2 protein chains.
Amino acid sequence: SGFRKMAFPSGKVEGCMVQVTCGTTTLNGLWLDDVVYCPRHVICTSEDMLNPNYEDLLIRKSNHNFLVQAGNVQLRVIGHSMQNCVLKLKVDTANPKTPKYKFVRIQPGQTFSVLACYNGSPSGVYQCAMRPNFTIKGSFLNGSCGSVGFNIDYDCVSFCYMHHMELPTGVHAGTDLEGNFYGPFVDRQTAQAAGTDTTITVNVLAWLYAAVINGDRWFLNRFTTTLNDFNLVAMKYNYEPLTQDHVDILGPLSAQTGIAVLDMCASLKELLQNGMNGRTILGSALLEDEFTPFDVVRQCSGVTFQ
Amino acid sequence: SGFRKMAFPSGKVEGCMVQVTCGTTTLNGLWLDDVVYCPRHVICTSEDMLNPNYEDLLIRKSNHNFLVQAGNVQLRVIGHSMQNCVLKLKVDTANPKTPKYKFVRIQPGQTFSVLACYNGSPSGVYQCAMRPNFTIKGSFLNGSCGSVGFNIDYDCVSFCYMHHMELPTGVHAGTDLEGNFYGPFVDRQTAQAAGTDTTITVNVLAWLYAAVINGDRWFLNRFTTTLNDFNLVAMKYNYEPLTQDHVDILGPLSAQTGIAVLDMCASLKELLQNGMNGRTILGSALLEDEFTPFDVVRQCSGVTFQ
Ligand SMILES: *[C@](O)(C(=O)NC1CC1)[C@H](CC)NC(=O)[C@H](CS(=O)(=O)CC1CC1)N[C@@H](c1ccc(F)cc1)C(F)(F)F
Ligand SMILES: *[C@](O)(C(=O)NC1CC1)[C@H](CC)NC(=O)[C@H](CS(=O)(=O)CC1CC1)N[C@@H](c1ccc(F)cc1)C(F)(F)F
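Residues numbered from 1 in each chain as written, not as in the entry; some residues may be left out. Chains lettered and ligands numbered in written order. Heavy atoms only, no water.

## Here's the deal with the overall build of chain A
Going by this rule: Secondary structure elements follow DSSP: runs of H or I of four or more residues count as helices, runs of E of two or more count as strands, with numbering from the N terminus. Throughout, radius of gyration means the C-alpha value; the globule benchmark is 2.2 Å times the number of residues raised to the power 0.38. Per-residue accessibility, obtained with a 1.4 Å probe over protein chains only, is compared with the maximum for each type, and a residue is labelled buried under 20%, exposed over 50%, and partly exposed between these values. Working rule for contacts: check all heavy atoms of both residues, and any pair within 4.5 Å makes them a contact.
Across its full length, chain A holds eight helices and 13 strands. For 306 residues, the compact-globule estimate of 2.2 N^0.38 gives 19 Å, and the C-alpha radius of gyration of chain A, at 22 Å, lies within 12% of that figure. Across its three principal directions, the C-alpha atoms of chain A cover 70 × 40 × 30 Å. When each of the 306 residues of chain A is scored for burial, the buried share is 56%. Here the contacts in chain A between residues at least 6 apart in sequence split such that 65% fall between residues at least 24 apart.

So this is what it looks like as structure tokens:
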């Protein structure tokens, strides 16, 4: 037992990380088959980042201007193209460490592991949620651009995120692996508004079920509620409205613990209205929203990958 | 910027994980060079776990009784020996994925990454501290025994922990890779007392410095204190006494932020005496003690591994 914020094992992704240098700019790229993916702003200088004309900047570049290094291995670039906010560098060698993989666009409230990298070298791994406002709260220093987010299902790596930016507010933005930003963000040095964010209600309830499975049960009460009454509380506390789709996804955890989803909603309502009263739940003094119901079932079941 | 509880990239360790089966018991082993390391209680049945005579149980076993599988690869066992609480299975093939590595015994209050594994297959990675009472608060289901803890310095993996037990209180115990338990624990199914635990003061102060570097500064105050006065507060709140050795280790962070260590101690004293007043620090509503000063400098500096 016990419950921790756990990331996927990073090995299959470590094998794909490279360094991409264009002129004086260095960041990370992802080497899959004979293609290297990286943020398009590798072609910019600090001067350019105000309002870059990426089409004009890339026209100045030839294949031999993109230096790609995997550890000591130098890769030969034989093609380049821009897709949305990413550059695709065709190389003459397929990555021998390419895992089974897909590209996916994740939904807000879904979770993924980030492999933070600098100069193509893995630094660390942590678990993130895509916020309702399409930002992530990561850990990314200058040079982390091109680090990727992913999930693993058995042997298949689903890449969902590439790091592009830190907003002046200190939060993080990036793209899917086709180079489309999550949220309204653009790859330029401007102040950019993120939506007002909300708490991911279905994830808090998943985590409450994780707490009960692990013997933290002090917050269970004598009460129940309705979807309608609960959503009035959710509104007041800036929580996502709970839908029957969310109730359905919580079905397995409700079945395991024997606690009806609306009974767990009545526990959450009391926690929102009264606070934690100086107590903790699974080592936390606030309501945690970065575990999906699938996360909770996986960690409670001991699912593995190859 | 941003600050997350980040684990080491797990790839070098994933390459070393195997399954070890003896009779009907299956758990994880660590394949380094031509030796597989695993918990000795692989040789027990549930019946045996009350008070196992491990010397007598191992005498009944021959090399061919230990089934070792790395993915599909079956390994040939050519020797076995018990060292303290671990079994060392000599195999006829050196692991080709063996990283540069050392075995280390970590000190209480130090941190490490855990690769949780089941049937020799990696499940997830998370960051842990060795508690002052030599327990860890992990996430370990039945079959996780033999999962390992580690740190990485550049290309060298320092193995510090192998998982052996969950205490009836739901906390976790294990050994170094020479098979010596951390703390007073024994590998048998008995109730076993853990020491009274304390909060790792030097780690809380490290994390306060991380908070200031990341722009969380609401807890900084007009006050200072002395080591003596601070330790009176530490006692009352079950924090480790702070020593000059701890002040010295905090020197780099004090230098970066320009906040004297005893000034940061006066912030911590006010936080212990007044609480957080419904506010957060780096996303936490309590005082976090699982980042070492070295952790904070690494994450703030972007150190990488190969
Ligand atoms: C990120 O884009 C990244 O890692 N880019 C490459 C250049 C490392 C990162 C996050 C915004 N950007 C920067 O770190 C960069 C600072 S730097 O050029 O000094 C890199 C340092 C390791 C040497 N900031 C530029 C930037 C802003 C916005 C953006 F979307 C991309 C880059 C800056 F400051 F010019 F605007
Ligand atoms: C752990 O020792 C482990 O993973 N061991 C091997 C057997 C998987 C783990 C934590 C205590 N122990 C158990 O999971 C085990 C339950 S089980 O045999 O049903 C394993 C299950 C996946 C099939 N508990 C035994 C045990 C207690 C204490 C100990 F130190 C080791 C084992 C028990 F219950 F018999 F005591």
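## Some thoughts on the interface of chain B and chain A
We apply this condition: By convention, the term buried area covers the 1.4 Å-probe accessible surface removed from two parts as they join, with the contributions of both added. By definition here, a salt bridge exists when the distance from a side-chain nitrogen of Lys or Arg to a carboxyl oxygen of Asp or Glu is within 4 Å.
Of the residues lining the interface, 46 residues belong to chain B; the matching set on chain A comes to 46 residues. Roughly 3200 Å² of surface becomes buried between chain B and chain A when both sides are summed, with 51% attributable to carbon and sulfur atoms. Counting the surface chain B buries against chain A, the share from its top three residues, B:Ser1, B:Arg4 and B:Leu141, is 21%. For the interface between chain B and chain A, the tally reads two salt bridges.

## Points about the environment of A:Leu253
Residues and elements named next belong to chain A. Tracing the sequence through the fold places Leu253 in helix α6 (residues 251-257). For the pair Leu253 and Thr190, spaced 63 residues apart in sequence, the C-alpha to C-alpha distance is 44 Å. Other than its neighbours up to four places away in sequence, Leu253 contacts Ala206, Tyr209, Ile213, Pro293, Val296 and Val297.

## Description of the side chain of A:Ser10
The condition that has to hold: What qualifies as a polar contact is a pair of N or O atoms within 3.5 Å, subject to a donor-acceptor requirement within protein and to the restriction that residues adjacent in sequence count only when both atoms come from side chains.
Mapped onto the secondary structure, A:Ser10 falls in the segment before α1 (11-14). Overall, the relative accessible area of 0% leaves A:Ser10 in the buried class. A polar contact of 3.0 Å, which involves the side chain of A:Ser10, links it to the backbone nitrogen of B:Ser10. Those residues in contact with A:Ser10 that sit more than four places away from it in its chain are A:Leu115, A:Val125, A:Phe150, B:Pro9, B:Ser10, B:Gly11 and B:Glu14.

## Some words on the sheet that holds strand β6 (residues 77-83) of chain B
The pairing of strands in a sheet comes from backbone hydrogen bonds and takes either a parallel or an antiparallel form. All names here are of chain B. We apply this condition: Here the rule is simple: two strands pair whenever DSSP picks up at least two bridges between them. Orientation is described by axes fitted as lines to C-alpha atoms, over the contacting stretch for helices, and by angles from 0 to 180 degrees between their N-to-C directions.
The strand order β5-β4-β1-β2-β3-β7-β6 describes an open sheet built from seven strands, whose pairing is antiparallel. Only two strands of the sheet have a single partner each, and these edge strands are β5 (73-75) and β6. The average undirected angle you get between the axes of adjacent strands in this sheet is 30°. In this sheet, strand β4 (residues 66-70) lies alongside strand β1 (residues 17-22) in antiparallel orientation, the contact comprising four bridges. Its bridge partner being in β4, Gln19 is matched across the sheet by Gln69.

## Things to note about the site of ligand 2
All names here are of chain B. What counts, and what does not: Nearness is defined per residue: one heavy atom within 4 Å of the molecule or strand is enough. For this classification, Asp, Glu, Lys and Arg are treated as charged, while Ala, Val, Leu, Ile, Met, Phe, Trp, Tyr, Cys and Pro are nonpolar and the rest, including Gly, are polar.
In the region of ligand 2, the neighbouring residues are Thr25, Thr26, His41, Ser46, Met49, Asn142, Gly143, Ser144, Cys145, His164, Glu166 and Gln189. Side-chain polar atom of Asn142 to an oxygen atom of ligand 2: 2.5 Å apart, as the coordinates give it. For the shell around ligand 2, the secondary-structure elements that each account for two or more residues are β2 (25-32) and β12 (156-166). Residue composition of the shell around ligand 2, grouped by class: two nonpolar, nine polar and one charged.

## Points about the site of ligand 1
Residue and element names in this part refer to chain A. As a reminder, the rule being used: Calculation of accessible area relied on Shrake-Rupley with a 1.4 Å probe; when residues are assessed, cover is drawn exclusively from the protein chains displayed.
Every residue near ligand 1 is listed here: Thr25, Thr26, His41, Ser46, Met49, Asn142, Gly143, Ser144, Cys145, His164, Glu166 and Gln189. Within the side chain of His41, one N or O atom sits 2.8 Å away from an oxygen atom of ligand 1. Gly143 places a polar main-chain atom, nitrogen or oxygen, 2.8 Å from an oxygen atom of ligand 1. Protein contact buries 67% of the 640 Å² of open area that ligand 1 shows by itself. Only β2 (25-32) and β12 (156-166) provide two or more residues apiece to the shell around ligand 1. Here the residues of the shell around ligand 1 sort into two nonpolar, nine polar and one charged.

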